[PDB]
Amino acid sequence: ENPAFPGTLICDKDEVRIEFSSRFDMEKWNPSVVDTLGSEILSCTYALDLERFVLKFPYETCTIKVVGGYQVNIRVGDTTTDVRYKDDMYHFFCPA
């Protein structure tokens, strides 16, 4: 029913990894990590690789600590407009 996460998410040792099949997909969805209030985390030290179309989000600065691991909140949507309610929100858990 609801949209499925457009990329591939992988919990790594020290970071969250989001992979896409092309740069077109990654720039189309433009994933960002947000806090409990839904604002993008500007102290997040993520890395972007457009050779392999991968986004890496370190747990410490980009995710929220909970019992057993981290919760990551991801927002995707169109970057060509200021219409924000068509964006999609996703929440994942990565065990420590």
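Note that residue numbering begins at 1 and tracks the sequence as displayed.
Among all modelled residues of this chain, ranked by Cα B factor, put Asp49 in the bottom, middle or top third, i.e. lowest, middle or highest. Answer is lowest: the recorded C-alpha B-factor places it there.
Report the third (lowest, middle or highest) to which the CA temperature factor of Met26 belongs, ranking only the modelled residues of the same chain. According to the entry, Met26 has a C-alpha B-factor in the chain's middle third.
Comparing against every modelled residue in the chain, figure out the third that the C-alpha B-factor of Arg17 lands in (lowest, middle or highest). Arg17: CA B-factor falls in the middle third of its chain.
Please say which third, lowest, middle or highest, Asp87 falls into when its CA temperature factor is compared across its chain. For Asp87, the deposited C-alpha B-factor lands in the lowest third.
Would you mind ranking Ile64 by its C-alpha B-factor against the rest of the chain and naming the third, lowest, middle or highest? For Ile64, whose C-alpha B-factor we compare with every modelled residue in the chain, the answer is the lowest third.
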